[PDB]
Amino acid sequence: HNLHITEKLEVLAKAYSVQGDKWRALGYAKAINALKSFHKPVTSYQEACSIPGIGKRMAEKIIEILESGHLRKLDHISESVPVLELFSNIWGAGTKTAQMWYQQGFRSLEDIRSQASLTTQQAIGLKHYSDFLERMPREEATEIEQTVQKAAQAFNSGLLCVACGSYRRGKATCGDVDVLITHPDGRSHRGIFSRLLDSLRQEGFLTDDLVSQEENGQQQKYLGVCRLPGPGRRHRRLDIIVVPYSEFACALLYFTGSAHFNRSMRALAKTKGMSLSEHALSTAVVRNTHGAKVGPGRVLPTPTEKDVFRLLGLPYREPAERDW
């Protein structure tokens, strides 16, 4: 339903997030995702508490709003939150850096540009501040995947390239492009990055690099910036991971998401004494009282996403049924 109330909680959720109160912000995270997944809206301090994810304190405020239209917290929110959100929206900069800059008296991107000490990643983020905030129509996401897949098969017709993330989940727009590159023969994917990177660099397709350790042939991922030729083109974020065919499934699942999906999913295997990762699904995982993995385990074979759902006692769910 999307109640004007939850629309007032997200205002807080983001507040505690940017302020670095991850856990509390996480609490407001699921309580909102619940009120957003409600068939028809409620108006009782009880019926609400009933709803899974919504705790005592949560409903205590719901009343106030619905009931009133007022929310005490919203008015006592530090006049720092917006500036922290501004700063935190710079790629490479998080809550920690944001609070540091604010503490140093920084209040705008102007101030950041002239006086702030930036990392190479943040300098790039600031450079495309607006670009990194827009989404692209999926049609263009396709053109970018196609562009990488072309440069990939360009030297190995066996290379399998796919576009994951929100794309594979069937969204109209995309925040970036997440390309997965593997190889059925389980070996031909070895030490290829620089080949492709240098290829896409030839096409002038890549504009900037954020994360790319290529001096080490074991590089797993590439996060960078690209831009199609022609006018009206904007810079877009491009992520690329190359995994061996053996972990393809788990990689595909991971890269498809959503983020809340993998967390919730991995939390499930966690209970069943199992462990899931972009690499593989393990069973008989040894952990201590603090949930820390003390002993690895057996990597169950999983050549298809279905196998993962299956092994986790879960019914398969299409990429579109993962958008949560």
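The numbering used is simple: start at 1 and walk along the sequence shown.
- In this crystal structure, the stretch out of 155-163 and 77-85 whose C-alpha atoms carry the higher mean B factor is 155-163.
- When 200-208 is weighed against 131-139, 200-208 comes out higher, by mean CA B-factor as recorded in the entry.
- You'll see in the entry that, of 264, 256, 37, 277, the Cα B factor peaks at 37.
- Taking the deposited Cα B-factors for 26, 268, 281, 51, the highest one is held by 51.
- When the CA B factors of the chain's modelled residues are split into thirds, the value for residue 105 lands in the lowest one.
- Per the PDB record, residue ranking by Cα B-factor puts residue 111 in the lowest third of the chain.
- Per-chain ranking of the deposited C-alpha B factor places residue 169 in the middle third.
- Sort the modelled residues of the chain by CA B factor and residue 248 lands in the middle third.
- Annotation for residue 192: C-alpha temperature factor in the highest third relative to the rest of the modelled chain, per the entry.
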